[PDB]
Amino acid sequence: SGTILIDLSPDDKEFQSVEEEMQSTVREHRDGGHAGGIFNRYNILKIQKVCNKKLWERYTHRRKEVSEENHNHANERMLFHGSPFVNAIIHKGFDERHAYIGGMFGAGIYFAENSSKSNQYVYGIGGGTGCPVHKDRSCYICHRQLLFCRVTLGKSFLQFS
């Protein structure tokens, strides 16, 4: 695949800033916890850096195209993405298989500023049937994974909702 995962130490400034963004963007959800569980905070177990030369160069090439179409402004953000396909994403990169055809804003790939919003999709649409072991959308035992991603928004269409 070409991907390697570098485990970060909890003492690393880069671990601590990523943990902080994870924890500070939790919110309550209108479903009372139905899809993603009931919680105000996480226990962070590991943070790994994803390194893949081809995928990085594919990203920066598109970033430059977007930037030149938008007064030299990629409008780059760091956002969360939860999906049952995280393991494929990190090795193969994002593509149309990771888009939600039936999503509110069209057949695209969805990202969130609230880490707790992405947590609702770790086990699939609406939390699916919850964790594989216990079939529990609010499982406090089983380990979950999210991605913290670098995303190019360019000129973004504003949708009020």
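Start at 1 and count along the sequence shown; that's the residue number. Just so we're on the same page, rigid core means the largest C-alpha set that superposes within 1.5 Å between forms.
Between 91-99 and 50-58, the larger root mean square Cα shift in 9 other deposited structures of this protein, once each structure is superposed on the rigid core, falls on 91-99. Superposing the other copies on the rigid core and comparing 100-108 to 66-74, farther C-alpha placement in 9 other deposited structures of this protein marks 100-108. The PDB entry records a higher mean C-alpha B factor for 130-138 than for its counterpart among 130-138 and 113-121. Taking the PDB entry as given, 91-99 carries the higher mean Cα B factor of the two stretches 59-67 and 91-99. Residue 107: CA B factor in the highest third of modelled residues in this chain (values from the PDB entry). In this PDB entry, the Cα temperature factor of residue 144 sits in the middle third of its chain's modelled residues. When the CA B factors of the chain's modelled residues are split into thirds, the value for residue 54 lands in the highest one. In the PDB entry, a CA B factor belonging to the lowest third of its chain's modelled residues is recorded for residue 34.
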